[PDB]
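Visitor: What follows is upload-v4.cif, made up of mmCIF, C-alpha atoms; chains and numbers go by the auth columns:
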data_query
#
loop_
_atom_site.group_PDB
_atom_site.id
_atom_site.type_symbol
_atom_site.label_atom_id
_atom_site.label_comp_id
_atom_site.label_asym_id
_atom_site.label_seq_id
_atom_site.Cartn_x
_atom_site.Cartn_y
_atom_site.Cartn_z
_atom_site.B_iso_or_equiv
_atom_site.auth_seq_id
_atom_site.auth_asym_id
ATOM 1 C CA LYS A 1 27.160 -24.009 -22.284 0.00 338 A
ATOM 2 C CA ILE A 2 26.939 -20.724 -24.200 0.00 339 A
ATOM 3 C CA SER A 3 28.593 -18.994 -21.246 0.00 340 A
ATOM 4 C CA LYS A 4 31.052 -21.897 -21.069 0.00 341 A
ATOM 5 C CA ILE A 5 32.017 -21.263 -24.695 0.00 342 A
ATOM 6 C CA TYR A 6 32.259 -17.570 -23.825 0.00 343 A
ATOM 7 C CA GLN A 7 34.809 -18.593 -21.199 0.00 344 A
ATOM 8 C CA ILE A 8 36.629 -21.046 -23.477 0.00 345 A
ATOM 9 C CA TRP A 9 37.169 -18.508 -26.261 0.00 346 A
ATOM 10 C CA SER A 10 37.062 -15.159 -24.490 0.00 347 A
ATOM 11 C CA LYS A 11 40.184 -16.449 -22.728 0.00 348 A
ATOM 12 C CA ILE A 12 41.559 -17.910 -25.990 0.00 349 A
ATOM 13 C CA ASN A 13 44.335 -15.428 -26.742 0.00 350 A
ATOM 14 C CA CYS A 14 46.933 -15.653 -29.501 0.00 351 A
ATOM 15 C CA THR A 15 47.965 -13.928 -32.720 0.00 352 A
ATOM 16 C CA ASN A 16 47.077 -16.341 -35.518 0.00 353 A
ATOM 17 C CA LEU A 17 44.021 -17.359 -33.551 0.00 354 A
ATOM 18 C CA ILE A 18 41.907 -14.308 -34.379 0.00 355 A
ATOM 19 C CA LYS A 19 40.151 -13.191 -31.228 0.00 356 A
ATOM 20 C CA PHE A 20 36.643 -14.346 -30.381 0.00 357 A
ATOM 21 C CA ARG A 21 34.586 -11.202 -29.909 0.00 358 A
ATOM 22 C CA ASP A 22 31.083 -12.459 -29.047 0.00 359 A
ATOM 23 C CA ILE A 23 28.277 -14.727 -30.228 0.00 360 A
ATOM 24 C CA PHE A 24 24.480 -14.364 -30.312 0.00 361 A
ATOM 25 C CA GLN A 25 21.583 -16.470 -31.608 0.00 362 A
ATOM 26 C CA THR A 26 19.441 -14.004 -33.528 0.00 363 A
ATOM 27 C CA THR A 27 16.106 -14.286 -35.296 0.00 364 A
ATOM 28 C CA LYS A 28 16.823 -11.794 -38.077 0.00 365 A
ATOM 29 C CA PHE A 29 17.446 -13.808 -41.269 0.00 366 A
ATOM 30 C CA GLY A 30 13.981 -15.235 -41.012 0.00 367 A
ATOM 31 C CA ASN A 31 15.477 -18.210 -39.181 0.00 368 A
ATOM 32 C CA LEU A 32 17.317 -18.628 -35.904 0.00 369 A
ATOM 33 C CA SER A 33 21.077 -18.386 -36.309 0.00 370 A
ATOM 34 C CA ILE A 34 23.958 -18.444 -33.829 0.00 371 A
ATOM 35 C CA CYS A 35 25.956 -15.626 -35.398 0.00 372 A
ATOM 36 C CA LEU A 36 29.465 -15.049 -34.089 0.00 373 A
ATOM 37 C CA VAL A 37 31.831 -12.165 -34.802 0.00 374 A
ATOM 38 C CA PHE A 38 35.602 -11.865 -35.178 0.00 375 A
ATOM 39 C CA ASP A 39 37.951 -9.191 -36.479 0.00 376 A
ATOM 40 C CA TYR A 40 37.827 -8.287 -40.147 0.00 377 A
ATOM 41 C CA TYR A 41 41.131 -8.421 -41.861 0.00 378 A
ATOM 42 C CA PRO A 42 41.415 -6.918 -45.358 0.00 379 A
ATOM 43 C CA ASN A 43 41.861 -9.221 -48.356 0.00 380 A
ATOM 44 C CA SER A 44 41.510 -12.671 -46.790 0.00 381 A
ATOM 45 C CA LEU A 45 43.150 -15.443 -48.835 0.00 382 A
ATOM 46 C CA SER A 46 44.641 -18.882 -48.466 0.00 383 A
ATOM 47 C CA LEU A 47 48.128 -19.772 -49.604 0.00 384 A
ATOM 48 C CA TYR A 48 46.430 -21.825 -52.314 0.00 385 A
ATOM 49 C CA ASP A 49 44.567 -18.627 -53.115 0.00 386 A
ATOM 50 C CA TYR A 50 47.776 -16.576 -52.937 0.00 387 A
ATOM 51 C CA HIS A 51 49.389 -18.826 -55.540 0.00 388 A
ATOM 52 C CA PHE A 52 47.111 -21.307 -57.223 0.00 389 A
ATOM 53 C CA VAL A 53 43.433 -20.390 -56.907 0.00 390 A
ATOM 54 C CA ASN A 54 43.936 -16.666 -57.479 0.00 391 A
ATOM 55 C CA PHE A 55 46.318 -14.775 -59.718 0.00 392 A
ATOM 56 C CA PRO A 56 49.295 -14.659 -59.428 0.00 393 A
ATOM 57 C CA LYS A 57 51.297 -17.786 -58.603 0.00 394 A
ATOM 58 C CA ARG B 1 -12.888 23.644 -11.967 0.00 859 B
ATOM 59 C CA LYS B 2 -15.576 21.553 -13.604 0.00 860 B
ATOM 60 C CA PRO B 3 -16.298 18.032 -12.302 0.00 861 B
ATOM 61 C CA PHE B 4 -16.188 14.779 -14.221 0.00 862 B
ATOM 62 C CA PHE B 5 -19.295 12.687 -14.814 0.00 863 B
ATOM 63 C CA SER B 6 -19.924 9.054 -15.690 0.00 864 B
ATOM 64 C CA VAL B 7 -22.229 7.252 -18.084 0.00 865 B
ATOM 65 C CA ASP B 8 -23.630 5.382 -15.066 0.00 866 B
ATOM 66 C CA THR B 9 -25.262 8.746 -14.355 0.00 867 B
ATOM 67 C CA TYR B 10 -26.627 8.641 -17.924 0.00 868 B
ATOM 68 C CA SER B 11 -29.152 6.595 -19.913 0.00 869 B
ATOM 69 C CA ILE B 12 -27.571 4.041 -22.228 0.00 870 B
ATOM 70 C CA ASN B 13 -28.923 2.091 -25.170 0.00 871 B
ATOM 71 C CA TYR B 14 -29.098 -1.665 -24.640 0.00 872 B
ATOM 72 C CA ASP B 15 -30.977 -3.038 -27.662 0.00 873 B
ATOM 73 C CA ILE B 16 -27.822 -4.222 -29.483 0.00 874 B
ATOM 74 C CA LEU B 17 -27.720 -6.889 -26.764 0.00 875 B
ATOM 75 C CA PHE B 18 -31.300 -7.796 -27.700 0.00 876 B
ATOM 76 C CA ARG B 19 -30.626 -8.259 -31.424 0.00 877 B
ATOM 77 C CA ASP B 20 -27.955 -9.293 -33.877 0.00 878 B
ATOM 78 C CA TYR B 21 -26.065 -7.025 -36.260 0.00 879 B
ATOM 79 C CA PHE B 22 -23.479 -8.629 -38.530 0.00 880 B
ATOM 80 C CA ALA B 23 -22.260 -7.908 -42.054 0.00 881 B
ATOM 81 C CA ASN B 24 -21.404 -11.533 -42.820 0.00 882 B
ATOM 82 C CA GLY B 25 -25.016 -12.626 -43.354 0.00 883 B
ATOM 83 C CA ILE B 26 -24.065 -16.236 -44.115 0.00 884 B
ATOM 84 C CA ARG B 27 -24.982 -17.283 -40.528 0.00 885 B
ATOM 85 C CA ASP B 28 -24.164 -20.949 -41.201 0.00 886 B
ATOM 86 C CA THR B 29 -23.158 -23.583 -38.647 0.00 887 B
ATOM 87 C CA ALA B 30 -26.696 -23.010 -37.354 0.00 888 B
ATOM 88 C CA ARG B 31 -26.241 -25.042 -34.165 0.00 889 B
ATOM 89 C CA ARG B 32 -28.033 -24.429 -30.910 0.00 890 B
ATOM 90 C CA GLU B 33 -27.388 -20.934 -31.983 0.00 891 B
ATOM 91 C CA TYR B 34 -26.233 -17.563 -30.701 0.00 892 B
ATOM 92 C CA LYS B 35 -29.806 -17.003 -29.610 0.00 893 B
ATOM 93 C CA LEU B 36 -30.931 -13.420 -29.348 0.00 894 B
ATOM 94 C CA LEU B 37 -31.786 -11.670 -26.105 0.00 895 B
ATOM 95 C CA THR B 38 -35.254 -10.440 -25.285 0.00 896 B
ATOM 96 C CA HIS B 39 -36.317 -8.359 -22.329 0.00 897 B
ATOM 97 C CA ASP B 40 -37.808 -11.292 -20.445 0.00 898 B
ATOM 98 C CA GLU B 41 -34.173 -12.463 -20.268 0.00 899 B
ATOM 99 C CA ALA B 42 -32.951 -8.888 -19.827 0.00 900 B
ATOM 100 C CA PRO B 43 -29.593 -8.625 -18.009 0.00 901 B
ATOM 101 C CA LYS B 44 -29.486 -7.934 -14.281 0.00 902 B
ATOM 102 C CA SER B 45 -27.123 -7.058 -11.434 0.00 903 B
ATOM 103 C CA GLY B 46 -25.194 -9.821 -9.685 0.00 904 B
ATOM 104 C CA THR B 47 -26.183 -12.363 -12.358 0.00 905 B
ATOM 105 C CA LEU B 48 -23.744 -14.702 -14.105 0.00 906 B
ATOM 106 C CA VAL B 49 -22.934 -15.552 -17.723 0.00 907 B
ATOM 107 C CA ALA B 50 -20.092 -17.645 -19.064 0.00 908 B
ATOM 108 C CA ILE B 51 -17.586 -16.523 -21.638 0.00 909 B
ATOM 109 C CA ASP B 52 -14.715 -17.917 -23.707 0.00 910 B
ATOM 110 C CA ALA B 53 -12.567 -16.187 -26.328 0.00 911 B
ATOM 111 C CA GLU B 54 -10.036 -17.804 -28.647 0.00 912 B
ATOM 112 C CA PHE B 55 -7.033 -15.777 -29.782 0.00 913 B
ATOM 113 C CA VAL B 56 -4.437 -15.600 -32.545 0.00 914 B
ATOM 114 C CA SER B 57 -0.973 -14.072 -32.350 0.00 915 B
ATOM 115 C CA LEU B 58 0.102 -11.515 -34.941 0.00 916 B
ATOM 116 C CA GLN B 59 3.631 -10.384 -34.097 0.00 917 B
ATOM 117 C CA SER B 60 7.231 -11.243 -34.986 0.00 918 B
ATOM 118 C CA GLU B 61 9.966 -10.786 -32.415 0.00 919 B
ATOM 119 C CA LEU B 62 13.652 -11.270 -31.600 0.00 920 B
ATOM 120 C CA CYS B 63 15.712 -13.442 -29.240 0.00 921 B
ATOM 121 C CA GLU B 64 15.180 -10.940 -26.387 0.00 922 B
ATOM 122 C CA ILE B 65 16.794 -13.075 -23.640 0.00 923 B
ATOM 123 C CA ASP B 66 20.293 -13.681 -25.074 0.00 924 B
ATOM 124 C CA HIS B 67 22.932 -12.892 -22.451 0.00 925 B
ATOM 125 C CA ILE B 68 11.135 -7.629 -34.155 0.00 932 B
ATOM 126 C CA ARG B 69 9.117 -6.633 -31.088 0.00 933 B
ATOM 127 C CA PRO B 70 7.972 -9.191 -28.459 0.00 934 B
ATOM 128 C CA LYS B 71 4.928 -11.111 -29.634 0.00 935 B
ATOM 129 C CA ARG B 72 1.376 -10.213 -28.646 0.00 936 B
ATOM 130 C CA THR B 73 -1.961 -11.664 -29.654 0.00 937 B
ATOM 131 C CA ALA B 74 -5.302 -10.507 -30.963 0.00 938 B
ATOM 132 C CA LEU B 75 -8.773 -11.969 -30.698 0.00 939 B
ATOM 133 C CA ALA B 76 -10.014 -14.641 -33.100 0.00 940 B
ATOM 134 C CA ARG B 77 -13.283 -16.019 -31.715 0.00 941 B
ATOM 135 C CA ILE B 78 -15.759 -15.232 -28.952 0.00 942 B
ATOM 136 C CA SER B 79 -18.528 -17.359 -27.426 0.00 943 B
ATOM 137 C CA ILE B 80 -20.569 -15.851 -24.597 0.00 944 B
ATOM 138 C CA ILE B 81 -23.327 -18.070 -23.230 0.00 945 B
ATOM 139 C CA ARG B 82 -26.115 -17.683 -20.681 0.00 946 B
ATOM 140 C CA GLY B 83 -24.716 -19.274 -17.553 0.00 947 B
ATOM 141 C CA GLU B 84 -27.966 -18.792 -15.643 0.00 948 B
ATOM 142 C CA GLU B 85 -30.248 -21.764 -15.116 0.00 949 B
ATOM 143 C CA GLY B 86 -33.116 -21.620 -17.570 0.00 950 B
ATOM 144 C CA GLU B 87 -34.343 -22.688 -20.973 0.00 951 B
ATOM 145 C CA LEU B 88 -31.205 -21.108 -22.470 0.00 952 B
ATOM 146 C CA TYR B 89 -28.858 -22.404 -19.755 0.00 953 B
ATOM 147 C CA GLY B 90 -25.508 -22.576 -21.511 0.00 954 B
ATOM 148 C CA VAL B 91 -27.107 -21.594 -24.828 0.00 955 B
ATOM 149 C CA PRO B 92 -24.902 -18.992 -26.540 0.00 956 B
ATOM 150 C CA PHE B 93 -25.900 -15.526 -27.503 0.00 957 B
ATOM 151 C CA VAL B 94 -22.442 -14.736 -28.848 0.00 958 B
ATOM 152 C CA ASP B 95 -20.619 -17.047 -31.189 0.00 959 B
ATOM 153 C CA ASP B 96 -18.862 -14.442 -33.298 0.00 960 B
ATOM 154 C CA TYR B 97 -15.712 -14.714 -35.359 0.00 961 B
ATOM 155 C CA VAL B 98 -13.466 -11.757 -36.013 0.00 962 B
ATOM 156 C CA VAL B 99 -13.683 -9.434 -38.989 0.00 963 B
ATOM 157 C CA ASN B 100 -9.891 -9.121 -39.159 0.00 964 B
ATOM 158 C CA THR B 101 -8.431 -6.802 -41.773 0.00 965 B
ATOM 159 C CA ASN B 102 -4.675 -7.351 -41.948 0.00 966 B
ATOM 160 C CA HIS B 103 -2.576 -10.525 -42.068 0.00 967 B
ATOM 161 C CA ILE B 104 -2.655 -12.909 -39.101 0.00 968 B
ATOM 162 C CA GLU B 105 0.593 -14.703 -38.235 0.00 969 B
ATOM 163 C CA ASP B 106 -0.526 -17.789 -36.299 0.00 970 B
ATOM 164 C CA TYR B 107 -3.725 -19.740 -36.677 0.00 971 B
ATOM 165 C CA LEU B 108 -2.920 -21.410 -33.322 0.00 972 B
ATOM 166 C CA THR B 109 -5.121 -24.396 -34.128 0.00 973 B
ATOM 167 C CA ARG B 110 -3.433 -26.274 -31.284 0.00 974 B
ATOM 168 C CA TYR B 111 -4.622 -23.427 -29.014 0.00 975 B
ATOM 169 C CA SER B 112 -7.771 -22.205 -30.801 0.00 976 B
ATOM 170 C CA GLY B 113 -8.930 -24.754 -33.376 0.00 977 B
ATOM 171 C CA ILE B 114 -10.115 -22.158 -35.863 0.00 978 B
ATOM 172 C CA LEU B 115 -10.886 -23.381 -39.361 0.00 979 B
ATOM 173 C CA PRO B 116 -9.776 -20.366 -40.079 0.00 980 B
ATOM 174 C CA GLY B 117 -13.353 -19.151 -39.743 0.00 981 B
ATOM 175 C CA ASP B 118 -12.379 -15.506 -40.324 0.00 982 B
ATOM 176 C CA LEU B 119 -13.452 -15.434 -43.956 0.00 983 B
ATOM 177 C CA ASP B 120 -16.062 -12.915 -45.035 0.00 984 B
ATOM 178 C CA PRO B 121 -17.809 -14.912 -47.864 0.00 985 B
ATOM 179 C CA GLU B 122 -16.953 -18.197 -46.138 0.00 986 B
ATOM 180 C CA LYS B 123 -18.236 -17.098 -42.747 0.00 987 B
ATOM 181 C CA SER B 124 -20.125 -20.178 -41.442 0.00 988 B
ATOM 182 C CA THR B 125 -20.742 -17.863 -38.473 0.00 989 B
ATOM 183 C CA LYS B 126 -21.830 -14.368 -37.549 0.00 990 B
ATOM 184 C CA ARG B 127 -18.449 -12.948 -38.542 0.00 991 B
ATOM 185 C CA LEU B 128 -18.887 -9.773 -36.542 0.00 992 B
ATOM 186 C CA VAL B 129 -16.572 -6.904 -35.629 0.00 993 B
ATOM 187 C CA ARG B 130 -15.847 -5.333 -32.258 0.00 994 B
ATOM 188 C CA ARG B 131 -15.654 -1.770 -33.397 0.00 995 B
ATOM 189 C CA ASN B 132 -18.681 -0.625 -31.480 0.00 996 B
ATOM 190 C CA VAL B 133 -20.906 -3.727 -31.454 0.00 997 B
ATOM 191 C CA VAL B 134 -19.726 -6.615 -29.312 0.00 998 B
ATOM 192 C CA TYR B 135 -17.192 -4.595 -27.376 0.00 999 B
ATOM 193 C CA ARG B 136 -20.189 -2.496 -26.350 0.00 1000 B
ATOM 194 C CA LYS B 137 -21.981 -5.769 -25.572 0.00 1001 B
ATOM 195 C CA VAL B 138 -19.314 -7.093 -23.203 0.00 1002 B
ATOM 196 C CA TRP B 139 -18.791 -3.582 -21.840 0.00 1003 B
ATOM 197 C CA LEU B 140 -22.488 -3.239 -21.011 0.00 1004 B
ATOM 198 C CA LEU B 141 -22.565 -6.684 -19.426 0.00 1005 B
ATOM 199 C CA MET B 142 -19.646 -5.510 -17.322 0.00 1006 B
ATOM 200 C CA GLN B 143 -21.617 -2.338 -16.628 0.00 1007 B
ATOM 201 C CA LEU B 144 -24.915 -3.913 -15.573 0.00 1008 B
ATOM 202 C CA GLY B 145 -23.747 -6.418 -12.965 0.00 1009 B
ATOM 203 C CA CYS B 146 -23.441 -9.572 -15.086 0.00 1010 B
ATOM 204 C CA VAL B 147 -20.448 -11.462 -13.718 0.00 1011 B
ATOM 205 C CA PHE B 148 -18.255 -13.404 -16.125 0.00 1012 B
ATOM 206 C CA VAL B 149 -17.549 -17.025 -15.270 0.00 1013 B
ATOM 207 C CA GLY B 150 -15.049 -19.123 -17.202 0.00 1014 B
ATOM 208 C CA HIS B 151 -11.442 -20.289 -17.121 0.00 1015 B
ATOM 209 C CA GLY B 152 -8.231 -18.274 -17.074 0.00 1016 B
ATOM 210 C CA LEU B 153 -10.171 -15.073 -17.710 0.00 1017 B
ATOM 211 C CA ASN B 154 -7.553 -12.669 -16.342 0.00 1018 B
ATOM 212 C CA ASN B 155 -5.006 -12.599 -19.170 0.00 1019 B
ATOM 213 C CA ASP B 156 -7.949 -13.082 -21.531 0.00 1020 B
ATOM 214 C CA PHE B 157 -9.413 -9.764 -20.326 0.00 1021 B
ATOM 215 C CA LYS B 158 -5.901 -8.314 -20.594 0.00 1022 B
ATOM 216 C CA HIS B 159 -5.577 -9.282 -24.260 0.00 1023 B
ATOM 217 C CA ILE B 160 -9.111 -7.972 -24.751 0.00 1024 B
ATOM 218 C CA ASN B 161 -8.049 -4.781 -22.963 0.00 1025 B
ATOM 219 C CA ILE B 162 -11.023 -4.835 -20.690 0.00 1026 B
ATOM 220 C CA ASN B 163 -10.438 -4.295 -16.983 0.00 1027 B
ATOM 221 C CA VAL B 164 -13.206 -6.272 -15.339 0.00 1028 B
ATOM 222 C CA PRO B 165 -13.285 -5.486 -11.592 0.00 1029 B
ATOM 223 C CA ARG B 166 -12.842 -7.835 -8.645 0.00 1030 B
#
As structure tokens, how would this structure be written, given the file I've shared?
Guide:
Amino acid sequence: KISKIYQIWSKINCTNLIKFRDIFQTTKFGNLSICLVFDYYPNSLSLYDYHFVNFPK
Amino acid sequence: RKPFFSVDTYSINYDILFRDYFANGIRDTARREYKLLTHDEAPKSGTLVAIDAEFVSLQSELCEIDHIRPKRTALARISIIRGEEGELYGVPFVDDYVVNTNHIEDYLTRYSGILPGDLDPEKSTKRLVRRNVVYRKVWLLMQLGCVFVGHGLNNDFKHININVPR
């Protein structure tokens, strides 16, 4: 099913859907953790951030 | 152009087999004990003794299979008994727990059932170290022709790092 998810999102291709890069279950935080990666975009906000949560409105 | 030589060509001490030497000194759990060898029961060639070691793992690892180093064990307990028919048939001569310095990850009580008995003031055993004592003991019993019966001994000898022959 991990490979099946790799199929279901490695083929998932759009613009506003930021592209699935890869996933991995590590043991590095102390615990086990299924860490996934995507593409960093600078200065990530919501619209509610862009107006209401964060300055300015 | 010089040749190699063995210690089988030499004359080896054996008396550490015929005595105890342990820096615990508590020596409790005085059961049918790790009874000391004498030279009437001196070891022979072709003879058999039984042996069982209990281990603990001491290593943290990673996922390692996903399409910090992979875990390995160390020794925790050793019980080597006279498998020959006699008055000490099955009576141990080794029941020694490990003088272990650093931290031990797993107690492995589901695999080993240690108390943990590797305490120095709380020995309840001959808490004895391998460094040249009992490793020499097992090595000499390998050397003299004393075969080692028991269960699953192959990977046991691997984790010992002894290479007992066929």
Visitor: Taking the file above as input, evaluate the PyMOL selection byres ((chain A) within 8 of (chain B)) and report the hits as a ChimeraX atom specification.
Guide: /A:361-365
Visitor: Could you jot down the CA of residue 883 (chain B) to CA of residue 941 (chain B) separation for me, Å, one decimal place?
Guide: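 For CA of residue 883 (chain B) relative to CA of residue 941 (chain B), the distance reads 16.9 Å.
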Visitor: So how far away is CA of residue 949 (chain B) from CA of residue 904 (chain B), in Å?
Guide: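 For CA of residue 904 (chain B) relative to CA of residue 949 (chain B), the distance reads 14.1 Å.
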Visitor: Given the file shown, enumerate the residues that the PyMOL selection byres ((chain B and resi 957) around 9) captures and present them as a compact mmCIF listing (two decimals) with C-alpha atoms, in the frame of the given file.
Guide:
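Okay, this is what ended up in out_7.txt:
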# COMPACT_ATOMS: atom_id res chain seq x y z
CA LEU B 875 -27.72 -6.89 -26.76
CA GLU B 891 -27.39 -20.93 -31.98
CA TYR B 892 -26.23 -17.56 -30.70
CA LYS B 893 -29.81 -17.00 -29.61
CA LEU B 894 -30.93 -13.42 -29.35
CA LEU B 895 -31.79 -11.67 -26.10
CA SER B 943 -18.53 -17.36 -27.43
CA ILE B 944 -20.57 -15.85 -24.60
CA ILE B 945 -23.33 -18.07 -23.23
CA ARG B 946 -26.12 -17.68 -20.68
CA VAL B 955 -27.11 -21.59 -24.83
CA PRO B 956 -24.90 -18.99 -26.54
CA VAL B 958 -22.44 -14.74 -28.85
CA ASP B 959 -20.62 -17.05 -31.19
Visitor: Give as a list in words the residues that the PyMOL selection byres ((chain A and resi 346) around 12) matches when applied to the coordinates above.
Guide: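 Applied to this file, the PyMOL selection byres ((chain A and resi 346) around 12) selects residues 339, 340, 341, 342, 343, 344, 345, 347, 348, 349, 350, 351, 354, 355, 356, 357, 358, 359, 360, 373, 374 and 375 of chain A.
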Visitor: Can you tell me which residues surround residue 1023 (chain B) at a distance of at most 10 Å, considering all atoms listed in the file, apart from same-chain residues fewer than 5 positions away, and format the answer as a ChimeraX atom specification?
Guide: /B:913,936-939,1017-1018
Visitor: If you measure from CA of residue 1007 (chain B) to CA of residue 877 (chain B), what distance in Å do you get, rounded to one decimal?
Guide: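 Atom-to-atom, CA of residue 1007 (chain B) and CA of residue 877 (chain B) are spaced 18.3 Å apart.
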Visitor: Report as AutoDock Vina command-line options the centre and the edge lengths, in Å to one decimal, of the axis-aligned box holding every listed atom of region 892-895 of chain B, padded by 5 Å on each side.
Guide:
--center_x -29.0 --center_y -14.6 --center_z -28.4 --size_x 15.6 --size_y 15.9 --size_z 14.6
Visitor: Excluding residue 997 (chain B) and residues on its chain fewer than 6 positions from it, collect all residues at most 12 Å away from it, counting all atoms listed in the file, and give them as a PyMOL selection string.
Guide: chain B and resi 871-881+958+960+962-963+991+1003-1004
Visitor: Can you write out the residues you just picked, keeping C-alpha atoms, as a short mmCIF file (atom, residue, chain, number, x, y, z; two decimals), in the frame of the given file?
Guide:
data_model
loop_
_atom_site.label_atom_id
_atom_site.label_comp_id
_atom_site.auth_asym_id
_atom_site.auth_seq_id
_atom_site.Cartn_x
_atom_site.Cartn_y
_atom_site.Cartn_z
CA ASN B 871 -28.92 2.09 -25.17
CA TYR B 872 -29.10 -1.66 -24.64
CA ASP B 873 -30.98 -3.04 -27.66
CA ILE B 874 -27.82 -4.22 -29.48
CA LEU B 875 -27.72 -6.89 -26.76
CA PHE B 876 -31.30 -7.80 -27.70
CA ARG B 877 -30.63 -8.26 -31.42
CA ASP B 878 -27.96 -9.29 -33.88
CA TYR B 879 -26.06 -7.02 -36.26
CA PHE B 880 -23.48 -8.63 -38.53
CA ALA B 881 -22.26 -7.91 -42.05
CA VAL B 958 -22.44 -14.74 -28.85
CA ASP B 960 -18.86 -14.44 -33.30
CA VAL B 962 -13.47 -11.76 -36.01
CA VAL B 963 -13.68 -9.43 -38.99
CA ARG B 991 -18.45 -12.95 -38.54
CA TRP B 1003 -18.79 -3.58 -21.84
CA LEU B 1004 -22.49 -3.24 -21.01
#
